[PDB]
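Worksheet for the structure shown next.
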Amino acid sequence: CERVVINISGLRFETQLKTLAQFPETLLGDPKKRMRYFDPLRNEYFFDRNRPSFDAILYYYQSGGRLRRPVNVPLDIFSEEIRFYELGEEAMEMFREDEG
Amino acid sequence: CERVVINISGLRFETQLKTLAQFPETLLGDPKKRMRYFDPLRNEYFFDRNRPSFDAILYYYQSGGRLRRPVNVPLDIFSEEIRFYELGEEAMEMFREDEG
Amino acid sequence: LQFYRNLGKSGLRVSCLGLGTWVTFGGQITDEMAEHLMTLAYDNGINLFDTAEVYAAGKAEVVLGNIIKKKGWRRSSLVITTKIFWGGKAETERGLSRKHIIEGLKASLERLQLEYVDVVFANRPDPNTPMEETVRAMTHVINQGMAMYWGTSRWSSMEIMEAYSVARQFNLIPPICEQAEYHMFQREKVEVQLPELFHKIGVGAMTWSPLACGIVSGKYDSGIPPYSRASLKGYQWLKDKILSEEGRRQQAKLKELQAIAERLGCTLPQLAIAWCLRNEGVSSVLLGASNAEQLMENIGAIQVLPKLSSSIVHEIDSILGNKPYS
Amino acid sequence: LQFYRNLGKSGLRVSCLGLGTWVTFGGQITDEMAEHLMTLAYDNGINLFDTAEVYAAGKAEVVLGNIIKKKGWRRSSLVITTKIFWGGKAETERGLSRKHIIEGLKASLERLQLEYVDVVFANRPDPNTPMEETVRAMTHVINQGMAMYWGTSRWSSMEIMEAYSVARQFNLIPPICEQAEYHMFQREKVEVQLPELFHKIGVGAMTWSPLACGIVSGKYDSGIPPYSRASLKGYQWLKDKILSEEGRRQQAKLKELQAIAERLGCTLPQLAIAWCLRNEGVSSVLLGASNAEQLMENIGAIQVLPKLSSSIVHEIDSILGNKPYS
Amino acid sequence: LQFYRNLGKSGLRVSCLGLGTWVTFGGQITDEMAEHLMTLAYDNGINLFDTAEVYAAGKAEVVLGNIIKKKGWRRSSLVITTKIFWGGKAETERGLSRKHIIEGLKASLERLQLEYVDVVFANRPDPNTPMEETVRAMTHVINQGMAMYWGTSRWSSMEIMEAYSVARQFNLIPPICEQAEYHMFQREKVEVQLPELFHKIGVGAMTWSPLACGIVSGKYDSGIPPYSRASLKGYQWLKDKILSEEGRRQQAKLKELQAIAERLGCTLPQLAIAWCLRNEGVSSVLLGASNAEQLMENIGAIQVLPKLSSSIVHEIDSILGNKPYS
Amino acid sequence: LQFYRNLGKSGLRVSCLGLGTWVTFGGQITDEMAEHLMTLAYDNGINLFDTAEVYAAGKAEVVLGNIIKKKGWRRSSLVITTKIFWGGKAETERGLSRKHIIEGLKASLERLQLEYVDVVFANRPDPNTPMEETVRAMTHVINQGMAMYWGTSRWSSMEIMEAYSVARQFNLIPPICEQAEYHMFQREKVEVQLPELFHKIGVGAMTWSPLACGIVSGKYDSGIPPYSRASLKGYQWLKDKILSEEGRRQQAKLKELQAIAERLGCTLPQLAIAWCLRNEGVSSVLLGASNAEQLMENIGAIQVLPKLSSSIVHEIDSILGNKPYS
Ligand SMILES: NC(=O)c1ccc[n+]([C@@H]2O[C@H](COP(=O)([O-])OP(=O)(O)OC[C@H]3O[C@@H](n4cnc5c(N)ncnc54)[C@H](OP(=O)(O)O)[C@@H]3O)[C@@H](O)[C@H]2O)c1
Ligand SMILES: NC(=O)c1ccc[n+]([C@@H]2O[C@H](COP(=O)([O-])OP(=O)(O)OC[C@H]3O[C@@H](n4cnc5c(N)ncnc54)[C@H](OP(=O)(O)O)[C@@H]3O)[C@@H](O)[C@H]2O)c1
Ligand SMILES: NC(=O)c1ccc[n+]([C@@H]2O[C@H](COP(=O)([O-])OP(=O)(O)OC[C@H]3O[C@@H](n4cnc5c(N)ncnc54)[C@H](OP(=O)(O)O)[C@@H]3O)[C@@H](O)[C@H]2O)c1
Ligand SMILES: NC(=O)c1ccc[n+]([C@@H]2O[C@H](COP(=O)([O-])OP(=O)(O)OC[C@H]3O[C@@H](n4cnc5c(N)ncnc54)[C@H](OP(=O)(O)O)[C@@H]3O)[C@@H](O)[C@H]2O)c1
């Protein structure tokens, strides 16, 4: 199944396109929303953002919804990322409660 | 916007050139200062330094100024890096106080 | 407004209108007529000519080549394109295999009496050939200087994206254009799918059959006119389409459109053709013509382009009732 | 069922049967017979012809080339393959060195009077040449348009995988085919090892010596017939094999198989050949023939293919008792 | 000091002075004069000759080619460069498209009667062509052996950096030189921006119009001399510049500089030209000349180079009052 | 033991002895003698011939080419090598610039009347040319089929490693051989540094001047013999070396070695030459010869190779007292 490449400040992530289609409203799951960050030269989406956080942001989709904050990533930072990637208020709170 | 590639002992980092221009006095933000570490063959700046630390050094610029020491990086080490990258005494102290 | 425009995001500049050679060159019309048709198109600014190894079993390519060699036009001023896929009765003379793309284009180039073409197209997708093989072959013929660029035709978005993808994977040359069907009764692909590929990977659209093979001209209102394409031997498929329940539904819609046509003071053809160029998503529309009159009429579509207000468009959308949902 | 099939996963379509030129062309048979053999094969659909610089010290290549040039067949309809490794008595005229692959194929192409071959094969592995050098040379001759594709012969799986691996490492072209020996008495490699490479990296198998050099024809039952290959000067090795303890054990098994042959109403050869194609793992089987009769008989194997029920196969497995363990 | 020096960091060695053909060859001067001018330059060590498809609509290229073919000089001893961008009236005959770069250079090479040029330049930037297309085309013509190297002209630093960047991205060949305007009244780019690209990516500067088209020669002090470039038909733009408020301000400054000129015992031209080479950032300065006298005078600038003390420079900076801030 | 051996780890097989053309071809000896020398070498198995654009200002290349064209030997049986660096009096006719490597090899190939050479060498390092440019040019001439492989000469380990490194960086072809000086009085590089590059990156050594220009032959014992190289016009440098304090120290050591020579029953030359091949680190030694006698004597070194026991070696090490420390 057609795969996608996400470059987060040089750290390259790869996943299948359906994995991201599992959450059509999020930024990465919405073609129109992620289109702005596509690099035609390298065939990958680039984000000038926090590297440590994306590990979880991607696992969220692969896990079907699990949103855990990496032990080495501050709470205020990881929260900003969840917001940017547009994961959704639901999953957003669910994270909040699973976190305090 | 024109992007830059920073290679820290094999670990590749990528950011936009304006992101680094946000702090013109630092080593990475100063063309004349970083010029010495540019590799024409690969089109990237190379640093034979600590890998774990740079994660934060780069986030500093992307975050607009946040300088947190990665939980897995010793205090004496990370301090040396902040010094080398020439982040500035201000941000330097701010880190100190936010750290003790 | 802009007569010439970049084919996709490539640096190749093409007229918004081009002249094709399907059915006519080396077939329906005569070489003298072919010559006349091309000269007209040329002197009127059109620099785009499309053909294909399959047209008239190579003959179209011969005629087009002869005209070019006769009028002695400067090669740097023409943008010739040819399509490859069906080049022979043998097993290995069809497809997008490295063997066929090379032999195929070589054969065409010989027929055209040209050292290269500006753009070579895969005439349709090939399920029996690995994408890598195909992109590698396209990239090969371009490095051999047998083509300037390559493009796809009748490929799905995913297929085009796969090609682009493979090219980046192996550092080969991506396709720059997709030659797709587009007219008031075939809008889905060009209007919904291609604009995305245009923005994402810069692939432009070069559409074909603006008059749905003559159908949108309205001349099939009362039936199959003698000497019309649907009447030609070997085009029962077209005749059948025209005389079908669906065929009739269209013709009926034409009558209404015809109104808007007279209203803006231009023929229905000019309306349809100009309708095709209304959106910058389309780089060029390939025209078809058996008469010098048909051609000159069609070229007029350009003047009609300014009159196409958003209202005029919405009106046409209504009568058509087939505007695709993005 | 399907007469033509993709060679491996490449886009190259080949007949399931091909005609080789080992021992016969420019050697055992005459040019008139060679011509006759090829014409028959051609008119019967076979588009695959295999040769090699080493066959009859280049002569096979000359004869094959002449026939092609005489019958004036369209190049795009033939799939010519040649093997490279032994091209001369000098130190540098053997191997898979860049020097030899280039010079070697060039020499062959000249002899064949062809600008290129469809597939060039490494005739055997070369322990004295770095894989990178070899893959780079193969990839070079293909970009120079002296070959469409390349393939291996008598290489181990690991060796083929190494080649594929190196190609991806340096972005060169991987091999598309392995030319391996296959007949009822040589099944291990084709039946166990190659299917894995086929699924994993798409490499297909083009097998040779379907009748184990004439042995599976049964004609060696009572001994060495006059004018048979084992009788030919320079083939003592074959004669010796035939008259060995093991040689006899086989012949004995042939008698039994012969039964199944008459039962399905076809000759033993047709059975063995069709037996080779029973599994889709094999893209094409290269035939050998000294008579026009032998050829026409062999071509008949195709009709036998439908009769090969799973039972018929299991039966043959029994009499053979050599089914390899996956 | 060093008459020959590396063009940028490339291995290409060029004289610090070169002879251009704009306005003169095939235009203002005669073929006999052109021949004379080149022979002089040659025998005096200059190995750099610059031209462009646009100069005299190809004629400059013809004349230069003829001279080379007549004097029978060894090709390995000449460094010919030509610029590409404006090659015709047709839509597709301008720009940096793969089509135009190929056709364009081919046309030029034909005119010059040469198999290749040492360096091909993009005559100016092309907003309508993707950088990738352009770098790929440049890299293509070099692999086809139609050029040894390529370079830019009138491109911004960012643009040059983009080109370099794309080349590394796709493993193509980066530009080695930027042909920029440089004279006492145009210093910003060469003095501030290019040195950075030189140190960072090794791109060297080959500057043009050392005498601002004859202006720095002072001959426009009392007005427009007959037979001077500003007087030539088609150069009203130059005349206008010369007779402008700004034009006059310069001339006025020339008078003062003239002083420093007589003081060091050389003409004002020699001073300006030598002034251009004062800094190692400049690899070579392209001279313009309509007379054999003008040329020999200009060549004298070299002797002036040692006299250019830091004081002399600071003095000139003062009278000019246009030293750019780094 | 093994007469032919892989040049480095490449697939190129060369005789352990080769015949060079420095000083002799087109110079010291006559064309008839050159022909005789080559024919002997050839018929005796040597397939390696080395030359260089600089030898006799191209003449050596002409003579060697003529001999090859006259004896009509098969190209696939010869391994011709030529070196590039000094090809003319002009500024641009020297170095390892893309311009010179291309023009240079082209010129040589023309002189040799050959379409390509088996190996092209950088005759020495070029501080004025970026390594990338050089490796790209070498890789270019090989893809153009003007060379099979390339190699370095007189380059330091670091330099060779840099070349290899750059090739991997840009996916170009690494050098396969270094042509280094080696004889009993010049051992450091070949004995210490190259073996590392051989094991690490497979680069082999093709050594030159086995008899230190005739010196190790002992013929300079009593002085400068008439008609010897040191006597030739233009070789004062050699004469001077021979008649120096150091020169004499060597000759003195020769006397002792001569003993070991008679002891093993062979001439001193054969001893030195065989001494050069004693270690598998050396792929081939290039011989120099002005007489047919000198050549046949030298070829005899091979028979001496088995007698070179570890003791014999240690003994020679003693008398020489110059064994390099690893
Ligand atoms: N990439 C592909 O797979 C593909 C497929 C098809 C076509 N194409 C290309 O696209 C081009 C488009 O050609 P087309 O034939 O499809 O175009 P079209 O515009 O649909 O039809 C042109 C045909 O309709 C008739 N006609 C043209 N102008 C007319 C007018 N003003 N009034 C009345 N009748 C008129 C003509 O004569 P009659 O009908 O009277 O004979 C002519 O043969 C081809 O030439 C070919 O190059 C590409
Ligand atoms: N890649 C490699 O290393 C390699 C190695 C070997 C072969 N090959 C290729 O594979 C091809 C296979 O040829 P092959 O000779 O091995 O094939 P084969 O099928 O084993 O033997 C063919 C030979 O057996 C005899 N024969 C054929 N049909 C017969 C029939 N119906 N009844 C009785 N006898 C019959 C023929 O005449 P006689 O025996 O009476 O003379 C013929 O010479 C070659 O031509 C070559 O192109 C490749
Ligand atoms: N890359 C680009 O876009 C670009 C653009 C422009 C030029 N160039 C190149 O740069 C070269 C520079 O040429 P240029 O014309 O600009 O050079 P220049 O040095 O500014 O002007 C030369 C012109 O000034 C006059 N002149 C020359 N020497 C003189 C002297 N000693 N005393 C008095 N007058 C003298 C000449 O005759 P008259 O004035 O009396 O006729 C001559 O035509 C061109 O030939 C071309 O190859 C490149
Ligand atoms: N890559 C590089 O930079 C480089 C540099 C130098 C050489 N090379 C190559 O290496 C090759 C080696 O040649 P070389 O001249 O250096 O070799 P050499 O073995 O040192 O010297 C050969 C010379 O010594 C004399 N001689 C040869 N055999 C003799 C014998 N058996 N007894 C007495 N005198 C004998 C000959 O005649 P006279 O002395 O009587 O004239 C001959 O000219 C060259 O031809 C060239 O191809 C390469």
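In the structure tokens, chains take the letters A, B, ... in the order shown, each chain's residues start at 1, and ligands count up from 1 in the order shown.
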**Request:** Return the neighbours of chain E among the residues of chain C, cut-off 12 Å, counting only C-alpha atoms, as a PyMOL selection string.
**Result:** chain C and resi 3-15+42-43+45-48+73-80+115-119+139+142-149+167-174+176+201-202
**Request:** Excluding residue C:296 and any residue of its chain fewer than 2 positions from it, enumerate the residues within 12 Å of it, using only C-alpha atoms, and give them as a ChimeraX atom specification.
**Result:** /C:17,19,36-44,46,267,269-270,287-294,298-302
**Prompt:** Tell me, which residues of stretch 124-291 of chain C carry DSSP strand (DSSP E), written as a list in words?
**Reply:**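 Written out, the strand (DSSP E) residues of stretch 124-291 of chain C are residues 147, 148, 149, 150, 151, 152, 153, 177, 178, 179, 204, 205, 206, 207, 282, 283, 284, 285, 286 and 287 of chain C.
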Since we have the selection now, will you write its residues out, keeping C-alpha atoms, as a PDB file, in the first residue's frame?
ATOM      1  CA  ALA C 147      12.731  12.931 -26.248  1.00  0.00           C
ATOM      2  CA  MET C 148      12.831  16.107 -24.208  1.00  0.00           C
ATOM      3  CA  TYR C 149      10.219  14.973 -21.701  1.00  0.00           C
ATOM      4  CA  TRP C 150       7.740  12.188 -21.041  1.00  0.00           C
ATOM      5  CA  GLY C 151       4.140  11.972 -19.887  1.00  0.00           C
ATOM      6  CA  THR C 152       1.275   9.643 -19.180  1.00  0.00           C
ATOM      7  CA  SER C 153      -2.081   9.110 -20.733  1.00  0.00           C
ATOM      8  CA  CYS C 177       2.048  15.670 -18.123  1.00  0.00           C
ATOM      9  CA  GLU C 178      -1.037  13.418 -18.282  1.00  0.00           C
ATOM     10  CA  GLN C 179      -3.036  13.406 -21.516  1.00  0.00           C
ATOM     11  CA  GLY C 204       0.006  19.318 -15.982  1.00  0.00           C
ATOM     12  CA  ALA C 205      -3.005  18.215 -18.044  1.00  0.00           C
ATOM     13  CA  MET C 206      -3.119  18.126 -21.865  1.00  0.00           C
ATOM     14  CA  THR C 207      -6.704  17.188 -22.599  1.00  0.00           C
ATOM     15  CA  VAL C 282      -5.590  22.703 -18.180  1.00  0.00           C
ATOM     16  CA  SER C 283      -2.383  23.547 -19.983  1.00  0.00           C
ATOM     17  CA  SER C 284      -3.532  22.810 -23.472  1.00  0.00           C
ATOM     18  CA  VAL C 285      -6.484  21.253 -25.323  1.00  0.00           C
ATOM     19  CA  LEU C 286      -5.806  19.125 -28.363  1.00  0.00           C
ATOM     20  CA  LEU C 287      -8.113  19.922 -31.271  1.00  0.00           C
TER      21      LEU C 287
END
Give one line per residue of chain A that approaches chain B to at most 12 Å, naming the two atoms of the closest pair and their distance in Å to one decimal, counting only C-alpha atoms; sort by chain then ascending residue number and deliver it as a tab-separated table.
residue	atom	partner	partner_atom	distance
A:7	CA	B:14	CA	8.6
A:8	CA	B:14	CA	7.9
A:9	CA	B:14	CA	4.4
A:10	CA	B:13	CA	4.3
A:11	CA	B:13	CA	6.8
A:12	CA	B:12	CA	9.6
A:37	CA	B:1	CA	11.4
A:39	CA	B:1	CA	11.3
A:46	CA	B:14	CA	9.3
A:47	CA	B:15	CA	8.4
A:48	CA	B:15	CA	5.7
A:49	CA	B:62	CA	6.7
A:50	CA	B:59	CA	6.4
A:51	CA	B:55	CA	7.3
A:52	CA	B:55	CA	8.1
A:53	CA	B:55	CA	11.3
A:70	CA	B:71	CA	11.5
A:71	CA	B:71	CA	9.1
A:72	CA	B:71	CA	6.1
A:73	CA	B:70	CA	8.3
A:74	CA	B:68	CA	9.1
A:76	CA	B:66	CA	11.3
A:77	CA	B:63	CA	9.3
A:80	CA	B:63	CA	10.7
A:81	CA	B:63	CA	11.5
Just-selected residues, N, CA, C and O atoms written as an mmCIF file, in the first residue's frame:
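Written file, part-v9.cif:
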data_model
loop_
_atom_site.group_PDB
_atom_site.id
_atom_site.type_symbol
_atom_site.label_atom_id
_atom_site.label_comp_id
_atom_site.auth_asym_id
_atom_site.auth_seq_id
_atom_site.Cartn_x
_atom_site.Cartn_y
_atom_site.Cartn_z
ATOM 1 N N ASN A 7 9.367 13.901 7.237
ATOM 2 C CA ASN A 7 10.653 14.372 7.697
ATOM 3 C C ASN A 7 10.455 15.420 8.785
ATOM 4 O O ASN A 7 9.940 16.506 8.538
ATOM 5 N N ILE A 8 10.855 15.083 10.001
ATOM 6 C CA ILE A 8 10.696 15.997 11.119
ATOM 7 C C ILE A 8 12.042 16.542 11.517
ATOM 8 O O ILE A 8 12.714 15.968 12.360
ATOM 9 N N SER A 9 12.437 17.651 10.910
ATOM 10 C CA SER A 9 13.720 18.264 11.221
ATOM 11 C C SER A 9 14.911 17.337 10.942
ATOM 12 O O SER A 9 15.883 17.309 11.696
ATOM 13 N N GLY A 10 14.819 16.588 9.846
ATOM 14 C CA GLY A 10 15.879 15.684 9.460
ATOM 15 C C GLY A 10 15.675 14.247 9.866
ATOM 16 O O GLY A 10 16.304 13.358 9.314
ATOM 17 N N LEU A 11 14.823 14.014 10.852
ATOM 18 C CA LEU A 11 14.552 12.662 11.309
ATOM 19 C C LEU A 11 13.454 12.134 10.406
ATOM 20 O O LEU A 11 12.344 12.676 10.402
ATOM 21 N N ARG A 12 13.744 11.079 9.645
ATOM 22 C CA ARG A 12 12.745 10.580 8.703
ATOM 23 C C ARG A 12 11.806 9.505 9.231
ATOM 24 O O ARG A 12 12.243 8.546 9.832
ATOM 25 N N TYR A 37 2.889 21.046 3.301
ATOM 26 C CA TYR A 37 4.224 20.647 3.750
ATOM 27 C C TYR A 37 4.912 19.597 2.884
ATOM 28 O O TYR A 37 5.890 18.972 3.306
ATOM 29 N N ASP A 39 7.247 18.219 -0.043
ATOM 30 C CA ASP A 39 8.427 18.610 -0.790
ATOM 31 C C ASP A 39 8.505 17.758 -2.058
ATOM 32 O O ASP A 39 8.796 16.580 -1.987
ATOM 33 N N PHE A 46 7.689 17.714 5.020
ATOM 34 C CA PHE A 46 8.658 18.227 6.000
ATOM 35 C C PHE A 46 8.065 19.141 7.054
ATOM 36 O O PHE A 46 7.276 20.034 6.749
ATOM 37 N N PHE A 47 8.480 18.921 8.295
ATOM 38 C CA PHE A 47 8.022 19.719 9.401
ATOM 39 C C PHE A 47 9.208 20.190 10.188
ATOM 40 O O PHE A 47 10.025 19.389 10.611
ATOM 41 N N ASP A 48 9.311 21.500 10.364
ATOM 42 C CA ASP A 48 10.407 22.099 11.118
ATOM 43 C C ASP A 48 9.991 22.078 12.592
ATOM 44 O O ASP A 48 9.853 23.124 13.195
ATOM 45 N N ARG A 49 9.808 20.896 13.180
ATOM 46 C CA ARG A 49 9.347 20.811 14.563
ATOM 47 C C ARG A 49 10.120 19.935 15.520
ATOM 48 O O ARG A 49 11.231 19.498 15.246
ATOM 49 N N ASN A 50 9.502 19.682 16.661
ATOM 50 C CA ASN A 50 10.132 18.893 17.696
ATOM 51 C C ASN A 50 10.329 17.427 17.273
ATOM 52 O O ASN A 50 9.381 16.741 16.922
ATOM 53 N N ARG A 51 11.559 16.935 17.318
ATOM 54 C CA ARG A 51 11.784 15.564 16.906
ATOM 55 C C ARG A 51 11.247 14.513 17.889
ATOM 56 O O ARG A 51 10.432 13.673 17.512
ATOM 57 N N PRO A 52 11.667 14.562 19.166
ATOM 58 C CA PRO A 52 11.231 13.599 20.187
ATOM 59 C C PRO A 52 9.742 13.301 20.246
ATOM 60 O O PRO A 52 9.334 12.159 20.473
ATOM 61 N N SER A 53 8.923 14.322 20.043
ATOM 62 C CA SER A 53 7.479 14.128 20.100
ATOM 63 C C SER A 53 6.863 13.257 19.001
ATOM 64 O O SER A 53 6.030 12.400 19.302
ATOM 65 N N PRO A 70 5.988 10.624 25.286
ATOM 66 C CA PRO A 70 7.299 10.044 25.595
ATOM 67 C C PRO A 70 7.864 10.554 26.926
ATOM 68 O O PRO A 70 7.866 11.765 27.202
ATOM 69 N N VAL A 71 8.346 9.624 27.745
ATOM 70 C CA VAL A 71 8.911 9.966 29.047
ATOM 71 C C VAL A 71 9.930 11.106 28.998
ATOM 72 O O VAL A 71 10.033 11.873 29.948
ATOM 73 N N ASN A 72 10.664 11.236 27.897
ATOM 74 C CA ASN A 72 11.670 12.291 27.791
ATOM 75 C C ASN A 72 11.153 13.608 27.186
ATOM 76 O O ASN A 72 11.941 14.526 26.925
ATOM 77 N N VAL A 73 9.846 13.713 26.964
ATOM 78 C CA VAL A 73 9.302 14.944 26.401
ATOM 79 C C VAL A 73 8.411 15.707 27.375
ATOM 80 O O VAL A 73 7.398 15.197 27.846
ATOM 81 N N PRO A 74 8.781 16.953 27.686
ATOM 82 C CA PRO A 74 8.023 17.805 28.592
ATOM 83 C C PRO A 74 6.543 17.772 28.258
ATOM 84 O O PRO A 74 6.151 17.465 27.142
ATOM 85 N N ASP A 76 4.349 20.456 28.506
ATOM 86 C CA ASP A 76 3.925 21.650 27.780
ATOM 87 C C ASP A 76 4.266 21.563 26.291
ATOM 88 O O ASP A 76 3.504 22.040 25.441
ATOM 89 N N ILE A 77 5.412 20.955 25.981
ATOM 90 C CA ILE A 77 5.852 20.795 24.593
ATOM 91 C C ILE A 77 4.958 19.800 23.839
ATOM 92 O O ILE A 77 4.295 20.161 22.869
ATOM 93 N N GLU A 80 1.612 20.981 22.797
ATOM 94 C CA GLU A 80 1.599 21.876 21.644
ATOM 95 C C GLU A 80 1.557 21.073 20.348
ATOM 96 O O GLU A 80 0.753 21.367 19.452
ATOM 97 N N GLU A 81 2.409 20.049 20.266
ATOM 98 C CA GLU A 81 2.462 19.189 19.096
ATOM 99 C C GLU A 81 1.118 18.526 18.832
ATOM 100 O O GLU A 81 0.649 18.551 17.700
#
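The spacing separating atom CA of residue F:182 from atom 20 (O, counted along the ligand's line) of ligand 4 amounts to 9.0 Å.
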**Message:** Using only C-alpha atoms and a cut-off of 12 Å, which residues of chain B sit close to chain F? Please list them as a list in words.
**Reply:**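 Output check: residues 40, 41 and 42 of chain B.
We find atom CA of residue F:83 and atom CA of residue F:53 to be spaced 6.4 Å apart.
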**Message:** Between C:34, C:277, C:29, C:101, which residue has the minimum interatomic distance to ligand 1, considering only C-alpha atoms and all ligand atoms?
**Reply:**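 Going through C:34, C:277, C:29, C:101 one by one, the smallest distance to ligand 1 is for C:29.
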**Item:** Atomic distance atom CA of residue C:227 - atom CA of residue C:21, expressed in Å with one decimal
**Value:** 17.3 Å
**Message:** If you run DSSP on the backbone here, which positions in stretch 256-307 of chain C get alpha helix (DSSP H)? Please write them as a ChimeraX atom specification.
**Reply:** /C:256-263,268-277,292-299,301-304
**Asked** Any idea what's packed within 7 Å of stretch 183-198 of chain E, counting only C-alpha atoms, ignoring anything in its chain fewer than 4 positions away? Could you give it as a PyMOL selection string?
**Response** chain E and resi 8+157+202-204+209-212+272+276+281+324+326
**Item:** Who sits within 10 Å of residue B:96, only C-alpha atoms, same chain under 4 positions skipped, as a PyMOL selection string
**Value:** chain B and resi 67-69+75+79+90-92+100
**Request:** Just the residues within 7 Å of residue C:124, please, counting only C-alpha atoms, with nothing from its chain fewer than 4 positions along; format it as an NGL selection string.
**Result:** :C and (85 or 153-155)
